[PDB]
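Below is one structure, written out as structure tokens; comments come after it.
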Amino acid sequence: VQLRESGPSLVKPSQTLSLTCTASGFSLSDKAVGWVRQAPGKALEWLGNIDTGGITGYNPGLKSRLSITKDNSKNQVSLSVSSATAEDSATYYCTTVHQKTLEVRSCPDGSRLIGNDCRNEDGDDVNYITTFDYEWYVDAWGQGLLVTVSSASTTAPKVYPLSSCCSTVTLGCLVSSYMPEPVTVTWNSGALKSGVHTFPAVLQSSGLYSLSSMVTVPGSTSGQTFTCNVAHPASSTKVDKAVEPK
Amino acid sequence: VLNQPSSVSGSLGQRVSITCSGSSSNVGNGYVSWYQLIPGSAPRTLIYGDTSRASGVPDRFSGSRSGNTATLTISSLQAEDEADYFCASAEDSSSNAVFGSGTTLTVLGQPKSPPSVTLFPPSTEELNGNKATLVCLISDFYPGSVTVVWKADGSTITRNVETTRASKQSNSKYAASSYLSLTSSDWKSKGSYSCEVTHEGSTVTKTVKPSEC
């Protein structure tokens with residue numbers, strides 16, 4: 001199961017923020033899919049979800065600005081937030097949602113279920129009560145996609161190798177001089193997660209950010225290459241840098 | 001919004017509880033979920049259906065519910081449990097959802113941890129552009145505060161230095177970076193540069209020499 005968000009990581013104010021979620025591992029007509037966001041330093045905010053039949057739930061406070069659509073042929077679900085502002089700058093998460101409705105039958109004041117019918121003390125048949133229990137929860141989360149609502153300019157990073165001078169080998173990548181945030185780094189296309197450490201970026205007075213990702217690997221890896229994969233979504237740029245200790 | 005305490009705290013290896021208060025139409029309907037948020041990671045589903053644990057969730061996370069109040073209890077607290085915890089429930093239909101206000105869990109009594117420090121010289125490629133960035137990476141320290149001093153040939157450097165604040169890692173310890181931005185000529189003119197990181201009165205020094213890089 002994989003949920004991959006995609007769409008403009010940089011949105012100009014007042015324009016319609018739009019995002020897409022592509023799924024794999026399951027058919028979109030089999031599971032409910034939805035959108036939850038989190039702005040920096042704030043609570044999780046449910047945006048909405050859509051079910052296999054088109055049944056749609058929307059955040060009551062944002063309903064007038066939200067649009068969630070489904071495209072089964074492409075296994076995709078779309079989100080749209082009209083008239084974007086700074087309040088809409090946030091990490092947007094695609095989600096798979098467990099939905100279920102239970103019909104509950106019970107007997108009213110002073111009766112019990114002898115057999116199948118609600119019978120009272122004297123044995124008179126009484127109508128049952130029908131209520132519903134509702135089940136909702138997120139059973140799979142996407143990695144999330146940071147969207148910034150601003151008119152900022154764009155500069156793609158340079159990526160340089162980090163290697164020590166000359167028992168574990170420590171190396172990395174310097175992602176130099178980009179804007180705006182963020183940048184994401186993986187190693188060996190995600191195959192290398194153990195020993196990885198990506199550090200928050202620094203900000204120069206020039207307005208450009210830089211950050212570094214480092215990895216520690218056993219010494220018995222001489223000659224091996226390790227590739228850092230850097231994404232700068234704001235500039236729609238992706239850079240792979242192969243690092244081999246000397 | 002479901003009512004949670006903004007903040008809650010417990011001591012290492014002990015037990016803490018986080019409550020989640022709602023009404024008959026959400027929590028009272030009887031299917032509450034709990035989620036864990038660590039920085040640099042996506043939200044993690046911990047509990048569903050009041051009491052059930054999701055895949056990969058240790059037994060020391062447990063949930064329960066009494067009427068309109070649900071409770072997430074964490075026993076045998078570890079440092080990695082420091083995080084934001086949110087409850088959620090359906091509301092009047094299985095398509096309509098409500099989240100809680102969130103609770104920040106702090107774990108008290110964590111041991112002191114010294115920083116691991118790595119100093120990287122500028123790459124040949126960057127030097128080819130007449131730029132030279134020295135990168136000092138600082139990780140795995142607790143509590144979250146370090147002071148950084150740069151030196152070259154015995155003299156302290158202050159200009160062209162940029163140091164990040166301490167930020168929390170996924171393992172609950174802290175990290176930080178410091179960058180010394182020089183020209184290639186500046187870089188070649190000295191015999192050695194050093195990053196000196198002080199933490200809780202202890203000092204770590206790392207050094208690079210242009211004649212060896």
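If you're wondering about the labels, chains in the structure tokens are A, B, ... by order shown, residues count from 1 in each chain, ligands from 1 in order shown.
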Select, as an MDAnalysis selection string, those residues of chain A with any atom no more than 8 Å from chain B (distances computed using only C-alpha atoms). chainID A and resid 43:46 48:50 55:59 99:101 133:144 160:166 199:204
Please produce an output containing N, CA and C atoms for each residue in the selection, written as a compact mmCIF listing (two decimals), in the first residue's frame.
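result.txt, written as the output of this step:
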# COMPACT_ATOMS: atom_id res chain seq x y z
N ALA A 43 -2.93 21.83 15.59
CA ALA A 43 -3.53 20.51 15.67
C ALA A 43 -3.81 19.96 14.27
N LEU A 44 -3.89 18.63 14.19
CA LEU A 44 -4.38 17.97 12.99
C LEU A 44 -5.76 18.51 12.64
N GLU A 45 -5.97 18.77 11.36
CA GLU A 45 -7.24 19.30 10.88
C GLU A 45 -7.76 18.39 9.78
N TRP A 46 -8.86 17.71 10.06
CA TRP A 46 -9.52 16.89 9.06
C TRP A 46 -10.09 17.78 7.97
N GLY A 48 -11.41 16.13 4.75
CA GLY A 48 -12.57 15.42 4.25
C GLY A 48 -12.20 14.06 3.70
N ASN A 49 -13.22 13.37 3.22
CA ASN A 49 -12.96 12.10 2.56
C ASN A 49 -14.10 11.78 1.61
N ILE A 50 -13.82 10.86 0.71
CA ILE A 50 -14.78 10.39 -0.27
C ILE A 50 -14.73 8.87 -0.27
N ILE A 55 -19.96 9.11 -1.53
CA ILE A 55 -20.30 9.69 -0.23
C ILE A 55 -19.13 10.52 0.24
N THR A 56 -19.36 11.81 0.46
CA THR A 56 -18.29 12.75 0.77
C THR A 56 -18.54 13.39 2.13
N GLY A 57 -17.50 13.42 2.95
CA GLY A 57 -17.50 14.17 4.20
C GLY A 57 -16.55 15.36 4.09
N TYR A 58 -17.03 16.51 4.53
CA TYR A 58 -16.27 17.76 4.46
C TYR A 58 -16.20 18.38 5.85
N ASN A 59 -15.06 18.97 6.17
CA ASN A 59 -14.92 19.79 7.36
C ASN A 59 -16.03 20.84 7.38
N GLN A 99 -14.27 3.22 7.24
CA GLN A 99 -15.62 3.72 7.48
C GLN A 99 -16.55 2.53 7.63
N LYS A 100 -17.44 2.61 8.62
CA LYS A 100 -18.43 1.57 8.81
C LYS A 100 -19.58 2.13 9.63
N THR A 101 -20.79 1.68 9.32
CA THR A 101 -22.00 2.07 10.04
C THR A 101 -22.66 0.81 10.57
N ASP A 133 -24.22 3.23 15.31
CA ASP A 133 -22.85 3.47 15.74
C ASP A 133 -21.99 3.72 14.51
N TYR A 134 -21.18 4.76 14.56
CA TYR A 134 -20.37 5.18 13.42
C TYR A 134 -18.89 4.95 13.72
N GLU A 135 -18.19 4.37 12.75
CA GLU A 135 -16.77 4.04 12.87
C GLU A 135 -15.99 4.83 11.83
N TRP A 136 -15.02 5.62 12.28
CA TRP A 136 -14.14 6.38 11.40
C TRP A 136 -12.75 6.41 12.02
N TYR A 137 -11.72 6.10 11.23
CA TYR A 137 -10.35 6.27 11.68
C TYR A 137 -9.40 6.08 10.50
N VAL A 138 -8.23 6.71 10.59
CA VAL A 138 -7.23 6.65 9.52
C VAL A 138 -6.38 5.41 9.71
N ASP A 139 -6.43 4.49 8.74
CA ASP A 139 -5.67 3.25 8.82
C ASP A 139 -4.41 3.25 7.95
N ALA A 140 -4.17 4.32 7.19
CA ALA A 140 -2.93 4.44 6.43
C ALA A 140 -2.69 5.91 6.10
N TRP A 141 -1.48 6.38 6.39
CA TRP A 141 -1.09 7.77 6.20
C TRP A 141 -0.08 7.90 5.07
N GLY A 142 -0.24 8.96 4.26
CA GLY A 142 0.79 9.31 3.31
C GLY A 142 1.92 10.07 3.97
N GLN A 143 3.03 10.20 3.23
CA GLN A 143 4.19 10.91 3.74
C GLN A 143 3.90 12.39 3.98
N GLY A 144 2.91 12.95 3.32
CA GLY A 144 2.61 14.36 3.44
C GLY A 144 3.39 15.19 2.44
N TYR A 160 26.47 19.04 -3.15
CA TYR A 160 27.89 18.70 -3.11
C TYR A 160 28.14 17.50 -2.21
N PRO A 161 29.14 16.69 -2.51
CA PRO A 161 29.45 15.55 -1.64
C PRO A 161 30.17 15.96 -0.37
N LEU A 162 29.82 15.27 0.72
CA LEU A 162 30.47 15.42 2.02
C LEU A 162 31.22 14.14 2.34
N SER A 163 32.54 14.26 2.51
CA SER A 163 33.39 13.13 2.84
C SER A 163 34.51 13.62 3.73
N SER A 164 34.94 12.76 4.65
CA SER A 164 35.98 13.12 5.60
C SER A 164 37.34 13.19 4.91
N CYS A 165 38.29 13.84 5.59
CA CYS A 165 39.66 13.91 5.10
C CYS A 165 40.44 12.66 5.50
N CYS A 166 41.49 12.38 4.74
CA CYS A 166 42.32 11.21 5.01
C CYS A 166 43.78 11.49 4.65
N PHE A 199 19.46 17.15 8.68
CA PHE A 199 19.45 18.23 9.66
C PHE A 199 18.60 19.40 9.18
N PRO A 200 17.93 20.11 10.08
CA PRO A 200 17.19 21.30 9.67
C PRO A 200 18.11 22.31 9.00
N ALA A 201 17.54 23.08 8.08
CA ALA A 201 18.31 23.98 7.24
C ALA A 201 18.73 25.23 8.01
N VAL A 202 19.80 25.84 7.51
CA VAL A 202 20.26 27.13 7.98
C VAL A 202 19.81 28.18 6.97
N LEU A 203 19.73 29.43 7.43
CA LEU A 203 19.25 30.53 6.59
C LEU A 203 20.31 31.62 6.55
N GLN A 204 20.83 31.89 5.35
CA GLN A 204 21.75 33.00 5.15
C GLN A 204 20.97 34.30 4.96
Would you please give, as an NGL selection string, all residues of region 1-188 of chain A that DSSP assigns to helix (DSSP H, G or I) based on the backbone? :A and (63-65 or 72-74 or 86-88 or 188)
Any chance you can output those residues with N, CA and C atoms as a compact mmCIF listing (two decimals), in the first residue's frame?
# COMPACT_ATOMS: atom_id res chain seq x y z
N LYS A 63 -16.16 23.76 4.45
CA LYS A 63 -16.85 23.09 3.36
C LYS A 63 -17.00 23.99 2.14
N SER A 64 -17.24 25.28 2.35
CA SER A 64 -17.50 26.18 1.23
C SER A 64 -16.28 26.37 0.33
N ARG A 65 -15.08 26.03 0.82
CA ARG A 65 -13.86 26.20 0.05
C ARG A 65 -13.27 24.89 -0.45
N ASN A 72 -11.37 6.81 -10.36
CA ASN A 72 -11.03 5.41 -10.17
C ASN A 72 -10.11 4.89 -11.28
N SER A 73 -10.31 5.35 -12.52
CA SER A 73 -9.52 4.83 -13.63
C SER A 73 -8.04 5.10 -13.42
N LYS A 74 -7.70 6.20 -12.75
CA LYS A 74 -6.32 6.55 -12.45
C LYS A 74 -5.96 6.30 -11.00
N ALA A 86 -2.53 32.39 3.80
CA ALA A 86 -1.45 31.89 4.64
C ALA A 86 -1.94 30.83 5.62
N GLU A 87 -3.20 30.91 6.05
CA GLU A 87 -3.76 29.89 6.93
C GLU A 87 -3.74 28.51 6.29
N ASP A 88 -3.66 28.44 4.96
CA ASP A 88 -3.67 27.17 4.25
C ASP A 88 -2.27 26.62 4.00
N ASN A 188 20.05 6.19 -1.57
CA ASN A 188 19.87 5.00 -2.40
C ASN A 188 18.40 4.79 -2.75
Can you list, as a VMD selection string, every protein, DNA or RNA residue that comes within 6 Å of region 11-21 of chain A when you count only C-alpha atoms, leaving out same-chain residues fewer than 4 positions away? chain A and resid 4 to 7 76 to 85 149 to 151
Please compute the CA of residue 210 (chain A)-CA of residue 93 (chain A) distance, one decimal, in Å.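 Taking CA of residue 210 (chain A) and CA of residue 93 (chain A), their separation equals 25.3 Å.
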Long-range neighbours of residue 131 (chain B) as a PyMOL selection string, 7 Å cut-off, only C-alpha atoms, 2 positions minimum in chain: chain B and resi 126-127+129+133+182-184
Non-local contacts of region 105-111 of chain A (10 Å; only C-alpha atoms; under 2 positions in same chain excluded) as a PyMOL selection string: chain A and resi 102-103+113-114+117-132
Selected residues written out, N, CA, C and O atoms, as a compact mmCIF listing (two decimals), in the first residue's frame:
# COMPACT_ATOMS: atom_id res chain seq x y z
N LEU A 102 -22.93 0.79 11.87
CA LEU A 102 -23.60 -0.33 12.53
C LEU A 102 -25.02 0.07 12.90
O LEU A 102 -25.24 1.13 13.49
N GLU A 103 -25.98 -0.79 12.55
CA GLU A 103 -27.37 -0.59 12.95
C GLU A 103 -27.59 -1.35 14.25
O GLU A 103 -27.42 -2.57 14.31
N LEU A 113 -35.50 -9.08 25.15
CA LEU A 113 -35.55 -9.87 23.92
C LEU A 113 -35.68 -11.34 24.26
O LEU A 113 -34.69 -12.07 24.35
N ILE A 114 -36.91 -11.80 24.46
CA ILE A 114 -37.20 -13.23 24.52
C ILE A 114 -37.44 -13.68 23.09
O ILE A 114 -38.43 -13.30 22.46
N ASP A 117 -38.19 -10.78 19.47
CA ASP A 117 -39.02 -9.60 19.66
C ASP A 117 -38.85 -9.04 21.07
O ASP A 117 -38.57 -9.78 22.02
N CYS A 118 -39.01 -7.73 21.18
CA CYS A 118 -38.98 -7.05 22.47
C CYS A 118 -40.31 -7.28 23.18
O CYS A 118 -41.33 -6.68 22.82
N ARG A 119 -40.30 -8.14 24.20
CA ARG A 119 -41.50 -8.47 24.94
C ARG A 119 -41.42 -7.90 26.35
O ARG A 119 -40.37 -7.97 27.00
N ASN A 120 -42.53 -7.33 26.81
CA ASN A 120 -42.58 -6.64 28.09
C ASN A 120 -42.92 -7.64 29.20
O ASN A 120 -42.94 -8.85 29.00
N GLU A 121 -43.20 -7.12 30.40
CA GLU A 121 -43.45 -7.99 31.54
C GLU A 121 -44.64 -8.91 31.29
O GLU A 121 -44.60 -10.10 31.64
N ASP A 122 -45.70 -8.39 30.69
CA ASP A 122 -46.91 -9.17 30.45
C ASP A 122 -46.82 -10.03 29.20
O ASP A 122 -47.77 -10.77 28.91
N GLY A 123 -45.71 -9.98 28.46
CA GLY A 123 -45.59 -10.73 27.24
C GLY A 123 -46.16 -10.05 26.02
O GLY A 123 -46.41 -10.71 25.01
N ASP A 124 -46.38 -8.74 26.08
CA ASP A 124 -46.88 -7.98 24.95
C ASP A 124 -45.72 -7.54 24.06
O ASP A 124 -44.67 -7.13 24.56
N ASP A 125 -45.92 -7.65 22.75
CA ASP A 125 -44.86 -7.34 21.79
C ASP A 125 -44.71 -5.83 21.67
O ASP A 125 -45.70 -5.10 21.55
N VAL A 126 -43.46 -5.36 21.71
CA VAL A 126 -43.15 -3.94 21.69
C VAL A 126 -42.18 -3.65 20.55
O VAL A 126 -41.35 -4.49 20.19
N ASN A 127 -42.29 -2.44 20.00
CA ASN A 127 -41.37 -2.02 18.95
C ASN A 127 -39.98 -1.77 19.53
O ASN A 127 -39.83 -1.23 20.63
N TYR A 128 -38.96 -2.18 18.78
CA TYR A 128 -37.58 -1.95 19.18
C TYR A 128 -37.15 -0.53 18.85
O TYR A 128 -37.82 0.20 18.11
N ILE A 129 -36.01 -0.14 19.40
CA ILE A 129 -35.37 1.14 19.10
C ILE A 129 -34.21 0.88 18.15
O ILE A 129 -33.46 -0.09 18.31
N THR A 130 -34.05 1.76 17.16
CA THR A 130 -32.95 1.66 16.21
C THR A 130 -32.06 2.88 16.37
O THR A 130 -32.52 4.01 16.22
N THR A 131 -30.79 2.64 16.69
CA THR A 131 -29.76 3.67 16.68
C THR A 131 -28.59 3.18 15.84
O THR A 131 -28.54 2.02 15.42
N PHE A 132 -27.64 4.08 15.60
CA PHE A 132 -26.50 3.78 14.74
C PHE A 132 -25.21 4.11 15.46
O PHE A 132 -25.11 5.13 16.15
Nearest candidate to residue 41 (chain A) (options B:10, B:191, B:5, B:39; using only C-alpha atoms):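 Comparing B:10, B:191, B:5, B:39 against residue 41 (chain A), the winner is B:39.
Remark: for residue 72 (chain B), the closest of the candidate residues B:57, B:18, B:27, B:38 is B:18 (distances computed over only C-alpha atoms).
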Which polymer residues have any atom within 7 Å of an atom of residue 79 (chain B), counting only C-alpha atoms, with same-chain residues fewer than 2 positions away left out, as a PDB file with C-alpha atoms, in the first residue's frame?
ATOM      1  CA  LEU B  77       7.488   5.519  29.333  1.00  0.00           C
ATOM      2  CA  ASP B  81       7.307   8.547  23.407  1.00  0.00           C
ATOM      3  CA  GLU B  82       7.716  12.330  23.731  1.00  0.00           C
ATOM      4  CA  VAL B 107       9.133  12.556  29.390  1.00  0.00           C
ATOM      5  CA  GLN B 110      16.030  11.557  30.691  1.00  0.00           C
ATOM      6  CA  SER B 172      13.954  12.388  21.393  1.00  0.00           C
TER       7      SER B 172
END
Report as a PyMOL selection string: the residues of region 94-156 of chain A with a DSSP assignment of strand (DSSP E), based on the backbone of this structure. chain A and resi 94-106+112-114+117-119+125-126+129-141+145-149
Shortest interatomic distance to residue 145 (chain A) - which of A:187, A:26, A:35, A:209, counting only C-alpha atoms: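 Residue with the minimum atom-to-atom distance to residue 145 (chain A): A:35.
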